[PDB]
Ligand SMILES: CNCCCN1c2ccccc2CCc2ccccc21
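Listed next as structure tokens is one chain, alone, in the form solved without this ligand.
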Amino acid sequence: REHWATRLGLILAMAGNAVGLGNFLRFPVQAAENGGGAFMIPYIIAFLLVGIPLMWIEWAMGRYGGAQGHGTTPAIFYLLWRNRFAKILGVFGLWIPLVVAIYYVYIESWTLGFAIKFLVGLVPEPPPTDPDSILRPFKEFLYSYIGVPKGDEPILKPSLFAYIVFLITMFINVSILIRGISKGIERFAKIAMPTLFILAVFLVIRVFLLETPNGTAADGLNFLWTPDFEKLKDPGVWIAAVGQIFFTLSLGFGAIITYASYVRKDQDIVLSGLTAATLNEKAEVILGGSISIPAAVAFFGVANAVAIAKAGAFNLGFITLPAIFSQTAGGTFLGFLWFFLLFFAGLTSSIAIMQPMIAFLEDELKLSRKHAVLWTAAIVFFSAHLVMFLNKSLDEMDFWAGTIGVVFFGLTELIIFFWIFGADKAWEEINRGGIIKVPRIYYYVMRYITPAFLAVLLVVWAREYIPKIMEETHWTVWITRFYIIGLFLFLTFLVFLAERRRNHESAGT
């Protein structure tokens, strides 16, 4: 089995895993839609009661599985709970990162395509004051790229450039992953993360200098970091904050687990996991929070910046921000640095969500790294044609895997590790080899508070929020549902083949 060469490489790879498009695109939208500072109290509490404990659990499960040659949850869940139902629940930790990769790599490719177009100056020129005469050209620019429907048919028409840039993006992911853990993922992370940090700081500084008749960047920071205790009784904010915590830290994705399975059995996971989790939050609240919102608030004021955020997840990052930058000197290049930042942020996360599938093929079906990587790319590339060509397929995949799936899988893996396997065995496995120990209070948080927190959250979700999505959507959602259910069955069949191969292997030695 491969291992992380250096401790820094481990940290930066796990930080690259977490620090992605969730920090710079998703977080600003979530915070703005949910009252800015009103979102932040629930967010900080969710980091403390869910984010930190689950991160530790996933490192522990990972390292534990890796010590026996298993990187993924079908096998690992079985080690912790010797039951057939554990292998089947384990499939979600292959399915979730597979479904996420299918749309996530595609969005990642947009940032590469935009970066190329912004560098070379093939960008829209707004007329040289009206807010709609400035935003519209950039809206049309995004809409032509991805091919937003112009009529009634729920069909997308990606531009030829967008399609080819997706191929290149797939190729860049393959070129890193094919070199492995230490020579691929680890080496790249040591380059990407410093680059990512420098680009983000420069952008924050530039944005901090923005001032118009409508306000300054400081007004954005006031909006984001000013508490509103009247939203603490709103369950919608709590649900939003916990979902962002999961997405942002890569929890319930099976990706922290796969990476941790390359950590040596003896090596520290307590301080290392805390550092990775803390690095992500800095990149999220300080860097990600200080770019999009303050720029939007400076140019448009608070109320218009909120309305922009509610309109679309991609509105703020792909339309509004570049439009704002175009009104400043050197703004096209500043647009390039933004999209380049997003590309590197995405690339380090997409190599993380494809590694579980690769680890499964190597560990359980004994494929070489070359074949495991190429087949994984092939499945992701093929399946992405659904997201590329069917309108709202992306949204459906993001909901079932990236939103519902991750919270469900987070609760599941906590139950399996801390209740079934055993709380005291779990607690010991977490702390073993630790440079620091997990604060004692977290034993009771992990065992009682976190599972009750997530169970109540998921109950309110299924009752008050998902009956609408099951009944008030266009019929084409069943195409995506049909396909991703098929993907689960496919992966189940692979788990079946893996165990039959094991049975023949045990009848041969």
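Numbers for residues come from their place in the sequence shown, where the first is 1. Whichever C-alpha set is largest while still superposing within 1.5 Å between the two forms counts as the rigid core.
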* Structure fact -> 301-309 or 286-294, the stretch lying farther from the shown form in 7 other deposited structures of this protein by root mean square CA distance over structures and residues, after core fitting, is 301-309
* Structure fact -> Top-deviation stretch by C-alpha RMS in 7 other deposited structures of this protein (rigid core reference), from 486-494, 19-27, is 19-27
* Third-or-more of other entries without residue 472 -> yes
* Report, as yes or no, whether residue 128 is left without coordinates in at least one third of the other compared entries. => yes
* To do: Between residue 213 and residue 214, count the deposited residues left without coordinates and pick a bin: none, 1 to 3, 4 to 9, 10 or more.
  => none
* To do: Pick between 436-444 and 475-483: the one whose mean CA B-factor in the entry is higher.
  => 436-444
* Asked: Which of the two stretches, 413-421 or 372-380, shows the higher mean Cα temperature factor in the record?
  -> 413-421
* To do: Identify, among 276, 135, 359, 105, the residue whose C-alpha carries the highest B-factor in the deposited PDB entry.
  => 135
* Structure fact -> From 167, 319, 249, 309, the top C-alpha temperature factor is at 309
* Asked: Compared with the other modelled residues in the chain, in which third is the CA B-factor of residue 284?
  -> middle
* Within this chain, which third does the Cα B-factor at residue 328 fall in: lowest, middle or highest? -> middle
* Lowest, middle or highest third: where is residue 230 by C-alpha B factor in its chain? -> highest
* Asked: Compared with the other modelled residues in the chain, in which third is the CA B-factor of residue 179?
  -> middle
* Structure fact -> Of the three thirds of the chain ranked by Cα temperature factor, residue 338 occupies the lowest
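The form deposited with this ligand bound is left out here; the points below concern that form.
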* **Output flag, 21, 107 and 394 jointly within 4.5 Å of this ligand in the deposited complex, heavy atom basis** => yes
* To do: Name the residue from 411, 277, 285, 313 that puts a heavy atom within 4.5 Å of this ligand in the deposited complex.
  => 313
* Asked: this ligand isn't shown here, but in the deposited complex which of 223, 103, 138, 262 has a heavy atom within 4.5 Å of it?
  -> 103
* To do: Report whether the minimum heavy atom distance between residue 418 and this ligand in the deposited complex is within 4.5 Å.
  => no
* Asked: Would residue 247 count as touching this ligand in the deposited complex under a 4.5 Å heavy atom rule?
  -> yes
* Asked: Do residue 429 and this ligand come within 4.5 Å of each other in the deposited complex, heavy atoms counted?
  -> no
* Contact label in the deposited complex: residue 29 to this ligand, heavy atom within 4.5 Å -> yes
